[PDB]
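Heads up: the structure comes next, in structure tokens.
Note that we place each Cβ from the backbone using ideal geometry, even for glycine, and neighbour counts take in every protein chain shown. Please treat every number below as a calculation from the coordinates, not as lab data.
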RNA sequence: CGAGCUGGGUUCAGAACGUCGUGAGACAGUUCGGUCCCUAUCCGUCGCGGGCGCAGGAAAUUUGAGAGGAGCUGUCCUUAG
Ligand SMILES: CC[C@H]1OC(=O)[C@@H](C)C(=O)[C@H](C)[C@@H](O[C@@H]2O[C@H](C)C[C@H](N(C)C)[C@H]2O)[C@](C)(OC)C[C@@H](C)C(=O)[C@H](C)[C@H]2N(CCCCn3cnc(-c4cccnc4)c3)C(=O)O[C@]12C
């Protein structure tokens, strides 16, 4: 039972670190995609919607 | 300056790559293809007429108020090594 609970805790801790990493990558893209708008090509809301 | 024109780019539907997302999809990217409608009423422009005016009716030649246009400049020689 200690092996079962240790495997399931290792799985949810690994999954938590994975989703926090893939959430941080999207944040570091949303900061760029908000700051690098308003420069050229399309007004400023076609790029703010992204 | 698209009721003047083009539509190559970008931001419609197809599709693909890189990348993200479990996912439908998305871009923090790139790539190929993609319907540019309208018989001009008025003003406004460019032209041409028709009426009347101008104290008679006519034919010609006109002054010019005013207005538009034009208004650019190279090189070579001489002066003179
Ligand atoms: C043929 C010209 C067409 O114009 C355009 O489509 C296009 C050239 C334009 O630019 C036009 C002016 C557009 O306006 C623009 O709209 C934009 C959204 C906005 C723009 N401004 C507002 C900024 C505005 O200018 C708009 C919205 O049209 C979509 C006008 C709107 C009233 C229409 O939809 C309109 C009724 C179109 N239509 C709908 C069917 C279209 C499918 N179809 C295509 N071919 C056939 C077909 C062929 C052969 C036989 N039968 C059918 C059928 C037609 O049948 O004819 C149209 C008038």
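See the values below:
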{"read-out": "A:16, A:49 arranged by Cβ crowding within 10 Å, fewest neighbours leading", "value": "A:49, A:16"}
{"read-out": "Helical mean residue ellipticity (222 nm; -39500 (n - 2.57) per DSSP H run of 4+; nearest 500) of chain A", "value": "-26000 deg cm²/dmol"}
{"read-out": "Mean projection area, nm², convex hull over Cα of chain A", "value": "3.8"}
